[PDB]
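Protein chains in written order, with the authors' numbering: chain A, 1 to 16, 18 to 20, 22 to 81, 83 to 103, 105 to 131, 132A to 132B, 133 to 208, 209A to 209D, 210A to 210B, 211 to 299, 301 to 331; chain B, 1 to 16, 18 to 20, 22 to 81, 83 to 103, 105 to 131, 132A to 132B, 133 to 208, 209A to 209D, 210A to 210B, 211 to 299, 301 to 331; chain B', 1 to 16, 18 to 20, 22 to 81, 83 to 103, 105 to 131, 132A to 132B, 133 to 208, 209A to 209D, 210A to 210B, 211 to 299, 301 to 331; chain A', 1 to 16, 18 to 20, 22 to 81, 83 to 103, 105 to 131, 132A to 132B, 133 to 208, 209A to 209D, 210A to 210B, 211 to 299, 301 to 331. A prime marks a further copy of an entry chain.
For each residue, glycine too, the CB sits at the ideal point set by N, CA and C.
There are 4 protein chains.
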Amino acid sequence: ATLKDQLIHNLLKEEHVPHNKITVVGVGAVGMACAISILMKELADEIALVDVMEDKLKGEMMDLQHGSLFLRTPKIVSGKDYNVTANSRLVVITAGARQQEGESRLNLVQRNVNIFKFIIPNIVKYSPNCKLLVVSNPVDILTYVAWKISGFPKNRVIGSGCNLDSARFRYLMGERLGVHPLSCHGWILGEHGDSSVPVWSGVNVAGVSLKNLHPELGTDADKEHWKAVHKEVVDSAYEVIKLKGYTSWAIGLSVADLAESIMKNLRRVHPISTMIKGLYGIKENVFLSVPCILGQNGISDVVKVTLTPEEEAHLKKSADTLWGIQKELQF
Amino acid sequence: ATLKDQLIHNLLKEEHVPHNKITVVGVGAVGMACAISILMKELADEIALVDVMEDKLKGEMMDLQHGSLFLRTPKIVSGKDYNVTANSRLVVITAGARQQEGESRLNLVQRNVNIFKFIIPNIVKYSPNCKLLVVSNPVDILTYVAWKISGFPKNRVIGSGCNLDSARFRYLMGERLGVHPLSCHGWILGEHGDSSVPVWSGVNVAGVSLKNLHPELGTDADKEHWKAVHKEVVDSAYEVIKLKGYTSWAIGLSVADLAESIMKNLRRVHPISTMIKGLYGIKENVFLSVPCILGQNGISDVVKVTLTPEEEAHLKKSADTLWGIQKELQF
Amino acid sequence: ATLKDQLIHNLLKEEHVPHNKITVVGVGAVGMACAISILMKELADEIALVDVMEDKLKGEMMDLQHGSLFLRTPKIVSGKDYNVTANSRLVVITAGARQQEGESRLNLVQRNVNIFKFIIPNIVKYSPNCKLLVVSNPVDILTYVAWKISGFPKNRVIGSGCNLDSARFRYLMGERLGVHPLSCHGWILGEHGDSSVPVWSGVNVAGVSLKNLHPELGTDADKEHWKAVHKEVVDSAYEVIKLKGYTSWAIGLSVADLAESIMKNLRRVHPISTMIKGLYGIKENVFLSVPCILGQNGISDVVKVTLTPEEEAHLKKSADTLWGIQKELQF
Amino acid sequence: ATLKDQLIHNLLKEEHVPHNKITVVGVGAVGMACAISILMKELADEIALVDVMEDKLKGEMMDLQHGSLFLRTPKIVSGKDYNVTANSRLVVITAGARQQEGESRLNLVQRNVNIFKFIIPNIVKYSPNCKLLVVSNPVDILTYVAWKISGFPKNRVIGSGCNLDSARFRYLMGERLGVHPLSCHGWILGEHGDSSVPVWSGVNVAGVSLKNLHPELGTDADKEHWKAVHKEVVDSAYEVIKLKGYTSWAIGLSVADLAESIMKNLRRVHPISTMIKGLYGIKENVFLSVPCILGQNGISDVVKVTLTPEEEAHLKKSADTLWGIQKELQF
Ligand SMILES: NC(=O)c1ccc[n+]([C@@H]2O[C@H](COP(=O)([O-])OP(=O)(O)OC[C@H]3O[C@@H](n4cnc5c(N)ncnc54)[C@H](O)[C@@H]3O)[C@@H](O)[C@H]2O)c1
Ligand SMILES: NC(=O)c1ccc[n+]([C@@H]2O[C@H](COP(=O)([O-])OP(=O)(O)OC[C@H]3O[C@@H](n4cnc5c(N)ncnc54)[C@H](O)[C@@H]3O)[C@@H](O)[C@H]2O)c1
Ligand SMILES: NC(=O)c1ccc[n+]([C@@H]2O[C@H](COP(=O)([O-])OP(=O)(O)OC[C@H]3O[C@@H](n4cnc5c(N)ncnc54)[C@H](O)[C@@H]3O)[C@@H](O)[C@H]2O)c1
Ligand SMILES: NC(=O)c1ccc[n+]([C@@H]2O[C@H](COP(=O)([O-])OP(=O)(O)OC[C@H]3O[C@@H](n4cnc5c(N)ncnc54)[C@H](O)[C@@H]3O)[C@@H](O)[C@H]2O)c1
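Pasting the structure below:
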């Protein structure tokens, strides 16, 4: 004689298992900006939230659930134990220490490497066949770290990489040309940091190479100082951090972007961190951003950008900076 | 080396298996309406189209394929064959004859049962676990036929029903009260045809019962003629058929709504066709629309709506009307 | 010639005037939640952000601007100034103090009225025709203050109200019955706070009245404790504040829903804060939530819900509770 | 004592005027594929349908309205008199005679020029400040025709042009490279017909010019026959027409694309028909496809593609073919 029973006549029961589950590790600025972005884009039927902060974790779960009416993701769960993570198609990693004002992402390696040695084994135990998306900084170094501990194939370990760096670039080009960013094509390759390489030789609007029209564009001295557009891409993190304390909206938006190409299997090209041994005459185990076709299996192919010698030389420079760190860890 | 081999460095092969595959059976006015509507709502990662008319088929496929840039469903395929439908989560059957001007949907029964006798075993064999969504008319009777041939549990054999008739009802109510269809609540149960029941005991705007404010509302011969709204619902198909020859945009929207609740496992309540033996004093195996909770497994529950004696009377005469045609068992 | 002049041939200048401009006043947790949610629903063609904290402001703007590639709102601007808010169709005011742990929203009244005294005339002067959406707490009392200072007709001064509390109610009901919030109907009217009224006379699933099946439902001391659901609604804010310190994702969703009905002129019914003098025996100028029909002009109509004697009693004590604080007229 | 009056307490009245109205002239295959696409993308708050076929017109209006529940465009209107069109932001023209099997779009000029002399004056009378989007064939010639009769500025008269041709191209490239079309950049310029020019010199994936890697790509004799990809772009219309009778889905999708860049003012680059006198050393009044930045004022800028002499020569050839027709009309 329960209200339920007078109302509803049961046929079936509580199957459980999700088809499109996504986990978000870390429910801080970035982790909830990832979460909100991915929920608004309707990519998951089940989202799992994990953090060591219990109170914060349950509190943000409840604020997302209160919003159920307006969403199309009917199961929102969270916990400290990784069992909640079970059978995730994708695991977004956002946990760890963040940059203080004027702090290099490279300073974070000791503290975040200790976080990863802890969580990687726990997430691979419950989801042996997930696509790992690393966001935590220094993201190129942590993506290697996840690869190294997880034991996964190089395709299922992705670092968010220069997806963000190239969106700010497009945005800055777009404002000089008076064209929407979607329409200015420009690649920011290498490290998601101070050593990123702009590929000047490939920047274009509607198939036209801005460097054939303006040979002075890029890695020099004279101009309309296009070079400073790469430099604001490099200082953009520092400046936003100095102004609000941290960055969150643009990375959350750039993670939903990748997460749509993985979940829908579109095979779109994105500058993301992947293993590059055997490609630019880089003979080591470096992870840095290259254009990669991203799908349901992760990184299925890498695009061999034609790079000039100025360009190819700042990419080797970015890749050495980076293995100078990586070699000292080996956990 | 191909231009392909120069441009792209391959890291994997693998088994391209669909996660959210939708099959549309019959590429006519209703099929393509369903198809476009499902593609614009980005519910599938692969859509498969089957039809007997080989040319029509290829043509609709190519037209949809050339709009690929504007969609997020990477794989669009067809065949006469059914090998192309494998591992579908849902299959929408729109194949068959439709009404000529002034023709009852019950009159198509004989021709459509003949095609269901061949299509169901070809479907049931290649997607053992799909949800069958029956749109072909008379929808109630083909849903029962589909069930019967398939061997599937009832949870997984859904007729499109009064989802559409309720939408039309809400629209019309909407007009009169000066509020969007979304804020006008009300259900059309029973046959998706001339015998459908308006449930005036339940029509409301914000929780207030219109039958409580105006006791003469509807199945009353008295003053503002709310009853003429139900006659417009009944008549609406006949009327669009006399003006454009067929109906398509409303039912393609109506099917993608449904499709949405199933793929995302929403657990929303839809007036759809299901087996109502046991409920509302119905002793025969007939299919008709009753409010059902829809999810990744099909109908998991039926809501027991509390009908007035006159509304129950009218539902029973609706099941009595379908059973009369249903003793023909030509399969 | 610039690279710009070589690449692009200009055909026009013109007056870039916004058609769907939205202003968010206050770039705190609630403001940015509202902002991202409105940007992902692509409701505006230009969004303007105003705050007194100059750095925070620039920072949030730049973060949102760097995600431009992933949005469809081409112009994102800010200023401390209010010249930036010109010709807005809607303005969302989220500026002010929020609750500390265990603090009543009524306690912020004094501090928020002091800021409304400066912000309203700066808003009212540059968008003579905008719709004002008040989110700042106590929302009911600031909506009345906003009205009073502005000189605007009541149609165009909206408090966010119980839209949120109804969402939370539907969520909780949802859980218990095993259906999505969207198919559970029910309203929280009165104060957006401790005095809110559950309208149990109207809670339904598919037109059936839960109070009809279970007469003991709610404002009854009897058996399954549906009344504890209302206490969780009342308590939910306090509880997320004790766990994460503030609430933000639910109200940003809740505001974009509202925003949607206004920009598209949907004529949907939302429980929002409006002037209820005349209705339900209310003799004083108080603002509280009642079901309202929302459109391009603001509130065009109020639905007269038929309250049980105990529900009316409770609404009146809710207006009696707001009026007690409302005789303070410090403006 | 009407139901309405007991239910709703009126505050305001029936303002009317829309903010985002779109008209669709012609409710045939293309016109309703435009309509459905534009409604699903939620671009208008008001859609106006116009046709001389009265029955068909009212019938498709009703099928769209029946679908109101599932849409976010609350006013759907239609008529034979142009008064319904009043104060449209955008007017999509799809009316006219279509290609029979093996028929050139150039054969349609006599019959469609008579349609335009009739409707242009009627649409400019009611919407003096609309953006005209011509879809009817031969679209380059009709866009000139609308320009010439309307008296409008060259920015507010757009022909759908090679937006479709470039999407099929991207699609065909995408299938050879195994990359999503969104990621293969390739421009189809000139006439939306048999004389279209592929700009081989600008085709790329992630900033890399396929012609520097494969100099043989394009307008020759030897290869992997990339040249046949342009040729299937040219025969694609004929083949779909031969298979289903006409084309509709891809153009409807490509019209919603342009219509979003106009309505949201994104300033995106699109290959569309515009006046090109004074640009490729073309000294006459030709309308053909060029990359143009499209916004709320229409075509605000044209992008000066760097073209090779093979390329620049097929573009002059396309532009002469076209003015050989145009010069014989002069109405
Ligand atoms: N890759 C990119 O572009 C990008 C961009 C911006 C931010 N960042 C990075 O994102 C990371 C997070 O920044 P943020 O603002 O959200 O930080 P935050 O302080 O707001 O949140 C970090 C979260 O990590 C959690 N955490 C710590 N140990 C954990 C463990 N074992 N398991 C789960 N969670 C744990 C915390 O409790 C905290 O809630 C930083 O490393 C940062 O530099 C990356
Ligand atoms: N349930 C609803 O509300 C409702 C709404 C509208 C229409 N319908 C029904 O939709 C069905 C289809 O309507 P329609 O306008 O698209 O008809 P249509 O003639 O446009 O298309 C029907 C198609 O079915 C295909 N078909 C026939 N037999 C087949 C077989 N064995 N295998 C594969 N394909 C086969 C045809 O070849 C044709 O392409 C009709 O039965 C109609 O009455 C139902
Ligand atoms: N109505 C609802 O349901 C509800 C929901 C949640 C929160 N709120 C209310 O939202 C309001 C904002 O909450 P919050 O978390 O974002 O606070 P917050 O402190 O995060 O941000 C408040 C912001 O207001 C700005 N501000 C203060 N005075 C201003 C002025 N004169 N001009 C411009 N900006 C000014 C601040 O500088 C700060 O950026 C609080 O009053 C809170 O109680 C309402
Ligand atoms: N530009 C492109 O890529 C493109 C692509 C494909 C189709 N086409 C064109 O679109 C046009 C329409 O093709 P379709 O399949 O929809 O044709 P259709 O036969 O289905 O419909 C044409 C509509 O034009 C209407 N019409 C005729 N005179 C009219 C008048 N004064 N006012 C309003 N409507 C009038 C008709 O009544 C008919 O409903 C053709 O010219 C065709 O070649 C353009």
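Item                                                                                                                         : Value
Chain A' contact for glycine 209B (chain A) (CB, 7 Å cutoff)                                                                 : yes
For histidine 229 (chain A), three-class secondary structure by DSSP                                                         : helix
Among A':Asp143, A':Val302, A':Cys36 and A':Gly28, the one whose alpha carbon lies nearest that of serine 247 (chain A')     : A':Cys36
Residue from A:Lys276, A:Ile250 and A:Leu45 with nearest C-alpha to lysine 263 (chain B)                                     : A:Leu45
Presumed contact (8 Å Cβ cut-off) between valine 228 (chain A') and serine 199 (chain A'), rounded CB distance               : That belief does not hold up - the Cβ atoms of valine 228 (chain A') and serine 199 (chain A') are roughly 12 Å apart, past 8 Å.
Per DSSP, cross-strand counterpart(s) of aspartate 301 (chain B')                                                            : B':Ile292 and A':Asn10
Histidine 68 (chain B) at chain A interface by Cβ criterion, 7 Å                                                             : no
Contact belief for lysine 243 (chain B) with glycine 61 (chain A') at Cβ below 8 Å, rounded distance in angstroms            : 3 Å
For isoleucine 78 (chain B'), the first and last residue of its enclosing alpha helix (DSSP H)                               : Here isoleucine 78 (chain B') belongs to no alpha helix (DSSP H); instead the beta strand (DSSP E) covers 77-81.
Distance CB(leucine 192 (chain A))-CB(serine 288 (chain A)) smaller than 7 Å                                                 : yes
Where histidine 68 (chain B') sits in the DSSP three-state scheme                                                            : helix
Cβ-based neighbour list, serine 253 (chain B), same chain, cut-off 7 Å, excluding 5 preceding and 5 following                : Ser163, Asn166, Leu167 and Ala170
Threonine 97 (chain A) and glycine 28 (chain A) closer than 7 Å at C-beta                                                    : yes
Selected residue, minimal CA-CA separation from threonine 2 (chain B), among A':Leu212, A':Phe72 and A':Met42                : A':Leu212
Interface partners of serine 247 (chain A') on chain B, CB under 8 Å                                                         : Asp65
Residue interval of the alpha helix (DSSP H) (run including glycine 28 (chain B'))                                           : Unbroken run through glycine 28 (chain B'): none, as it is neither H nor E.
Exposed unless 16 or more other CB atoms sit within 10 angstroms - verdict on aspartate 84 (chain A')                        : exposed
Residues that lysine 23 (chain A) bridges to, as DSSP identifies them                                                        : A:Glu48
Below-7 Å beta-carbon distance, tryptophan 190 (chain B') vs any chain B residue                                             : yes
Cβ contact check for the stretch 216-227 of chain B' and the stretch 307-323 of chain B: 3 or more pairs under 8 Å           : no
Minimum C-alpha distance to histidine 68 (chain A) - residue among B':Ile271, B':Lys157, B':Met176 and B':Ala89              : B':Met176
Beta-carbon spacing of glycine 189 (chain A), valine 206 (chain A) below 7 Å                                                 : yes
Among B':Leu278, B':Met64 and B':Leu257, the one whose alpha carbon lies nearest that of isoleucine 271 (chain B')           : B':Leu257
Below-7 Å beta-carbon distance, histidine 183 (chain A') vs any chain A residue                                              : yes
Residue-level contact to chain B via CB, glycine 162 (chain B'), 7 Å cutoff                                                  : no
Amino acids of chain A', ordered along the chain, whose beta-carbon sits closer than 8 Å to that of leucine 7 (chain B')     : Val303 and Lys304
The stretch 117-131 of chain A' in contact with the stretch 147-161 of chain A' per 3-pair CB rule at 8 Å                    : yes
Neighbour-count burial assignment, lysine 222 (chain B), 16 or more Cβ in a 10 Å radius                                      : exposed
Host alpha helix (DSSP H) of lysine 317 (chain B') (start-end)                                                               : 309-326
Per-residue DSSP class, three states only, for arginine 101 (chain B)                                                        : coil
N- and C-terminal bounds of the beta strand (DSSP E) containing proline 214 (chain A')                                       : No beta strand (DSSP E) contains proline 214 (chain A'), which DSSP labels as neither H nor E.
CB contact below 7 Å: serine 186 (chain A) versus chain A'                                                                   : yes
CB of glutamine 114 (chain A') within 7 Å of CB of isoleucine 240 (chain A'), strictly                                       : no
Given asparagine 126 (chain A) as reference, the closest of A:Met274, A:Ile40, A:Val94 and A:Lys4 once Cα atoms are compared : A:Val94
With 16 other Cβ atoms within 10 Å as the buried cut-off, status of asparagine 132B (chain B')                               : exposed
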